[PDB]
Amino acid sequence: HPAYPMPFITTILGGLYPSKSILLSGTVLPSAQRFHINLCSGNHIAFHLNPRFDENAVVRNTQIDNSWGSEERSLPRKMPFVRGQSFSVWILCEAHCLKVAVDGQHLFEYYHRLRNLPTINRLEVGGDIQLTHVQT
């Protein structure tokens, strides 16, 4: 299985709605600094999932009208992404929030800030990973 182009951008036809899942698989590069997965709506970023290896954290935020909101960095356990290690990310959309699992285990919830779910119709992936699969 070859790698996807990076950055990878694709339309999510129909946008989001409760029960909608977005799955991503790949491998963190050996000396990765950071990578991100964005769910976009027009010129806004409804959800920015940003693992940072330099900061050893998983940052989540929203960018509306070019302004970043308040970051969410809370984690119930140790940073699950590891340099040079393969991973899977499952983003499940619900009515009130996005539920995110990593390597098959629930990690955190992100309450919707951009609530018109059907308008969140673009996926963008970038950064220090080798993207091996996307299920939209």
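So that there is no doubt, residue numbering starts at 1 and follows the sequence shown.
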Quiz item: So 68-76 or 45-53, which one's hotter by mean CA B-factor in the entry?
Solution: 68-76
Quiz item: Once you work out the mean C-alpha B-factor for both 59-67 and 88-96 from the entry, which is higher?
Solution: 59-67
Quiz prompt | Assigned third (lowest, middle, highest) for the C-alpha B factor of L123 | solution = lowest
Quiz item: Can you tell me which third, lowest, middle or highest, the CA B-factor of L131 falls into for its chain?
Solution: middle
